[PDB]
Amino acid sequence: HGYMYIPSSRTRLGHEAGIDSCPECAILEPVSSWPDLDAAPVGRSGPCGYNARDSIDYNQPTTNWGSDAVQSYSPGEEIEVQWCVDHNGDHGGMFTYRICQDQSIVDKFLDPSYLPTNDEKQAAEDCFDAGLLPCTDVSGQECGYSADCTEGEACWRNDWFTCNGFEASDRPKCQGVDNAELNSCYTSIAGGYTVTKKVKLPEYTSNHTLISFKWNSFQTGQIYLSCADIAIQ
Ligand SMILES: *[C@@H]1O[C@H](CO)[C@@H](O)[C@H](O)[C@H]1NC(C)=O
Ligand SMILES: [Cu+2]
Ligand SMILES: [Zn+2]
Ligand SMILES: [Zn+2]
Ligand SMILES: [Zn+2]
Ligand SMILES: [Zn+2]
Ligand SMILES: [Zn+2]
């Protein structure tokens, strides 16, 4: 149970505007989230998430999200990206961040009076996959392999980030990555823990595009998706 926190995703904004009582509850499930990290099609969830809890589809703006870039960055900028895992829903596994470089696709997600179809959701997803922001693009960032994976497997990759071992001696699962304190970010269920990394933005530009957060669960057949409205200028 988790969601994108920095820069503020639509889900965070959703919660913060009082619309979404369980931001961490937005789940793609059931799916094969492991070990093949993109076998699973995003269906209704899309690259921005659908929260069944409160029936929110974050793939289109409302008055409460998606109207504006929440943050403006520069081409090639290395930036903080953070997500929030719930104390009772730390599934371990692997996560990534992506920018889709086809403004025409993304535009379908920036109009409050249109909801992307599942078809457009999946096509967006493919675009986001092509625009995955690799761990290893940030100089100085250590990009480990998953302890829940073995060499040569489809999960064996360090473009994505990994949580710690689900049954590791020390600092297990996603919580273990920052080893942050409880409520270091908001979750509704049992209090949130931050999971913090850096990504390097592309030299691709836009006055208004999306980061899509995607977290593939190891413990469960589940994926958590969020997106943030951002500008590269
Ligand atoms: C953003 O929009 C303004 C108004 O059209 C324009 O003048 C500016 O060049 C645009 N910037 C980008 C990166 O598109
Ligand atoms: Cu969960
Ligand atoms: Zn995918
Ligand atoms: Zn695959
Ligand atoms: Zn992160
Ligand atoms: Zn259309
Ligand atoms: Zn190294």
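By convention here, the first residue in the shown sequence is residue 1.
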Find the distance between [atom1] ([X]) and [atom2] ([Y]) and round it off to the nearest 0.5 Å.
X	Y	atom1	atom2	value
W160	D38	CH2	CG	6.5 Å
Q219	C163	CD	SG	11.5 Å
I19	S55	CD1	OG	12.5 Å
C227	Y97	SG	OH	12.5 Å
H87	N183	NE2	CG	10.0 Å

Between [X] and [Y], is any side-chain donor less than 3.5 angstrom from a side-chain acceptor?
X	Y	result
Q60	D111	no
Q122	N118	no
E181	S184	no

Given 3.5 Å as the limit, does a donor-acceptor pair link the side chain of [X] with the main chain of [Y], or not?
X	Y	answer
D86	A190	yes
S74	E77	no
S226	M4	yes
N51	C22	yes
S146	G93	no

*Does CZ in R171 sit with more than 12 non-hydrogen atoms of other residues, nucleotides or ligands closer than 6.0 Å?*
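Enclosed.
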
Compare every heavy atom of [Y] with every heavy atom of [X], then report the nearest pair and how far apart it is.
X	Y	value
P23	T11	O-CG2, 3.4 Å
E120	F109	O-CZ, 3.7 Å
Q141	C135	NE2-O, 2.9 Å
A180	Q175	O-NE2, 2.9 Å

_Ring geometry between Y186 and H15 (parallel below 30°, tilted from 30 to 60°, perpendicular above 60°)_ =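 Geometry flag for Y186 against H15: parallel rings.
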
*Taking the inter-plane angle between the rings of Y224 and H1 on a 0 to 90° scale, is it parallel (under 30°), tilted (30 to 60°) or perpendicular (over 60°)?*
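Correct class here is tilted.
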
For a 4.5 angstrom cut-off between non-hydrogen side-chain atoms, does [X] reach [Y]?
X	Y	value
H91	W34	no
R157	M94	yes
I189	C25	yes
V70	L13	yes
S206	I230	no
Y145	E151	no
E24	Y3	yes
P7	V81	yes

*Validate the cation-pi geometry between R10 and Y58: distance from NZ or CZ to the six-membered ring centre under 6.0 Å, angle to the ring axis within 45°.*
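Pair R10/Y58 does not count as cation-pi.
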
Donor-acceptor pairs are to be reported for all side-chain atoms of residues 208-215 against protein atoms at under 3.5 Å, with residues two or more places apart or in another chain.
residue	atom	partner	partner atom	Å
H208	NE2	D229	OD2	2.7
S212	OG	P47	O	2.8
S212	OG	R98	NE	3.3
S212	OG	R98	NH2	2.7
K214	NZ	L37	O	2.8
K214	NZ	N216	OD1	3.0
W215	NE1	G92	O	2.9

If you look only at distance, which donor and acceptor atoms sit under 3.5 Å apart when one is on a side chain in residues 191-199 and the other is two or more places apart or in another chain?
residue	atom	partner	partner atom	Å
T194	OG1	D178	OD2	2.8
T196	OG1	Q82	NE2	3.0
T196	OG1	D178	OD2	2.7

